[PDB]
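If you read the sequence shown in this note's numbering, its first letter stands for residue 3, the second for the next number, and so on. Quick reminder that beta carbons are idealized off the backbone N, C-alpha and C, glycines included. Beneath this line is the structure, given in C-alpha coordinates, with notes to follow.
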Amino acid sequence: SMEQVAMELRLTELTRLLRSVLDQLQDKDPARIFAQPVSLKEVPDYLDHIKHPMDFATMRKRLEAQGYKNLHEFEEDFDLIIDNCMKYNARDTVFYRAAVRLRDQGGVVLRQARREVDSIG
(Lines of atoms letter the chains of each structure in order from A and count residues from 1; the text may use other names and numbers.)
(Lines give C-alpha, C1' and ligand atoms only; values in the text may rest on other atoms or scores of the structure.)
Protein backbone atom coordinates (compact mmCIF):
# COMPACT_ATOMS: atom_id res chain seq x y z
CA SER A 1 0.00 0.00 0.00
CA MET A 2 0.92 3.60 -0.50
CA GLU A 3 0.14 4.27 3.20
CA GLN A 4 2.68 1.51 4.30
CA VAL A 5 5.34 3.27 2.23
CA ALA A 6 4.54 6.76 3.71
CA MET A 7 4.74 5.21 7.20
CA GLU A 8 8.09 3.68 6.18
CA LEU A 9 9.36 7.08 4.90
CA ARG A 10 8.51 8.67 8.38
CA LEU A 11 10.25 5.79 10.21
CA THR A 12 13.27 6.31 7.95
CA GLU A 13 13.26 10.00 8.64
CA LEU A 14 12.91 9.40 12.42
CA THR A 15 15.83 6.98 12.10
CA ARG A 16 17.85 9.74 10.41
CA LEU A 17 17.07 12.24 13.21
CA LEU A 18 17.78 9.66 15.98
CA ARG A 19 21.14 8.82 14.37
CA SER A 20 22.12 12.46 14.68
CA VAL A 21 20.84 12.57 18.34
CA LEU A 22 22.85 9.39 19.07
CA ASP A 23 26.03 10.90 17.62
CA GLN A 24 25.57 14.05 19.64
CA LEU A 25 24.95 12.03 22.86
CA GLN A 26 27.90 9.82 22.28
CA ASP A 27 30.18 12.94 21.89
CA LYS A 28 29.31 13.73 25.46
CA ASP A 29 31.15 10.49 26.39
CA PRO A 30 34.70 11.22 25.09
CA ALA A 31 36.13 8.64 27.50
CA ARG A 32 34.02 5.90 25.75
CA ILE A 33 32.82 4.55 29.11
CA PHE A 34 29.38 3.77 27.56
CA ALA A 35 30.51 2.77 24.01
CA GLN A 36 30.22 -1.00 24.44
CA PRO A 37 28.39 -3.51 26.67
CA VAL A 38 29.80 -4.17 30.11
CA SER A 39 32.02 -7.34 29.62
CA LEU A 40 30.60 -10.42 31.37
CA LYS A 41 34.10 -11.93 31.09
CA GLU A 42 35.41 -8.96 33.16
CA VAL A 43 32.32 -8.38 35.39
CA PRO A 44 30.94 -11.96 35.72
CA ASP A 45 28.31 -10.96 38.35
CA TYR A 46 26.96 -8.02 36.30
CA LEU A 47 23.56 -9.56 35.48
CA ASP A 48 22.88 -10.32 39.17
CA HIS A 49 22.94 -6.48 39.54
CA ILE A 50 21.65 -5.07 36.27
CA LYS A 51 18.68 -6.75 34.63
CA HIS A 52 18.64 -4.74 31.39
CA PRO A 53 22.15 -3.74 30.28
CA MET A 54 22.54 -1.07 27.66
CA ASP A 55 25.32 0.75 25.80
CA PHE A 56 25.76 2.94 22.72
CA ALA A 57 26.78 0.09 20.35
CA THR A 58 23.67 -1.90 21.27
CA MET A 59 21.48 1.26 20.69
CA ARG A 60 23.19 1.77 17.33
CA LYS A 61 22.34 -1.82 16.16
CA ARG A 62 18.69 -1.22 17.14
CA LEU A 63 18.75 2.16 15.40
CA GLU A 64 20.06 0.82 12.08
CA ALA A 65 17.47 -1.96 12.07
CA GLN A 66 14.88 0.88 12.45
CA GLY A 67 13.94 -0.67 15.81
CA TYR A 68 12.97 2.64 17.49
CA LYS A 69 9.31 3.48 16.64
CA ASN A 70 9.40 6.84 18.53
CA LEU A 71 11.72 9.13 20.60
CA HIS A 72 10.31 7.72 23.85
CA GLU A 73 11.74 4.24 23.11
CA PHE A 74 15.15 5.74 22.24
CA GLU A 75 15.18 7.77 25.45
CA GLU A 76 14.32 4.68 27.52
CA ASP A 77 17.50 3.06 26.20
CA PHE A 78 19.62 6.17 26.88
CA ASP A 79 18.27 6.36 30.38
CA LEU A 80 19.18 2.64 30.95
CA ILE A 81 22.79 3.46 30.10
CA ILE A 82 22.83 6.19 32.78
CA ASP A 83 20.68 4.52 35.37
CA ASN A 84 22.46 1.14 35.26
CA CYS A 85 25.79 2.89 35.75
CA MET A 86 24.62 4.96 38.72
CA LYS A 87 23.36 1.82 40.47
CA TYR A 88 26.35 -0.52 39.81
CA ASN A 89 29.00 2.08 40.51
CA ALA A 90 29.46 4.11 43.67
CA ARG A 91 29.17 7.89 43.74
CA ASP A 92 32.92 8.47 44.09
CA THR A 93 33.90 6.63 40.86
CA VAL A 94 34.88 7.86 37.50
CA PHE A 95 32.05 5.73 36.05
CA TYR A 96 29.25 7.23 38.12
CA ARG A 97 30.57 10.72 37.54
CA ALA A 98 30.74 10.11 33.77
CA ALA A 99 27.05 9.08 33.80
CA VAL A 100 26.01 12.18 35.69
CA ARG A 101 27.80 14.38 33.13
CA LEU A 102 26.29 12.46 30.18
CA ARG A 103 22.82 12.85 31.71
CA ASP A 104 23.27 16.61 32.27
CA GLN A 105 24.78 17.27 28.84
CA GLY A 106 22.40 14.94 27.02
CA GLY A 107 19.34 16.74 28.51
CA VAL A 108 19.91 19.75 26.24
CA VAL A 109 20.14 17.56 23.09
CA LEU A 110 17.05 15.53 24.03
CA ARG A 111 15.03 18.67 24.85
CA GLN A 112 15.50 19.92 21.25
CA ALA A 113 15.07 16.47 19.69
CA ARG A 114 11.57 16.29 21.25
CA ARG A 115 10.65 19.69 19.77
CA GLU A 116 11.94 18.47 16.29
CA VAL A 117 10.01 15.19 16.41
CA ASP A 118 6.75 16.99 17.39
CA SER A 119 7.45 19.83 14.92
CA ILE A 120 8.31 17.70 11.80
CA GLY A 121 5.73 15.04 12.91
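Quiz item: Taking one C-beta from the region 103 to 121 and one from the region 23 to 38 each time, how about it: are there three or more such pairs within less than 8 Å?
Solution: The region 103 to 121 is in contact with the region 23 to 38.
Quiz item: Quick one: what's got a C-beta closer than 6 Å to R105's C-beta in the same chain, skipping five residues either side?
Solution: As a first step, residue 105 is located in the sequence shown; it is residue number 103 there, counting from the start. Cβ-Cβ distances below 6 Å link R105 to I84 in the same chain, with the five nearest sequence neighbours on each side left out; the list follows chain order.
Quiz item: For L65 versus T14, is the C-beta spacing smaller than 8 Å?
Solution: Taking the sequence shown and counting its residues from 1, one reaches residue 65 at position 63. Taking the sequence shown and counting its residues from 1, one reaches residue 14 at position 12. No; because the gap between Cβ atoms is not below 8 Å, this pair is not in contact.
Self-check item: Whole-angstrom distance between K89 and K43, CA atom to CA atom
Solution: Within the sequence shown, numbered from 1, the residue matching residue 43 stands at position 41. Within the sequence shown, numbered from 1, the residue matching residue 89 stands at position 87. Taking the straight line from one Cα to the other gives about 20 Å.
Exercise. Assuming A100 and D31 form a contact by the criterion Cβ under 8 Å, report the distance between their Cβ atoms to the nearest whole angstrom.
Key: Taking the first residue of the sequence shown as position 1, residue 100 is located at position 98. Taking the first residue of the sequence shown as position 1, residue 31 is located at position 29. With 8 Å as the limit, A100 and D31 qualify as a contact, their Cβ atoms being about 7 Å apart.
Quiz item: Hey, how far is the Cα of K71 from the Cα of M9?
Solution: As a working mapping, residue 71 is identified with position 69 in the sequence shown. As a working mapping, residue 9 is identified with position 7 in the sequence shown. Looking at the two C-alpha atoms, the distance is approximately 11 Å.
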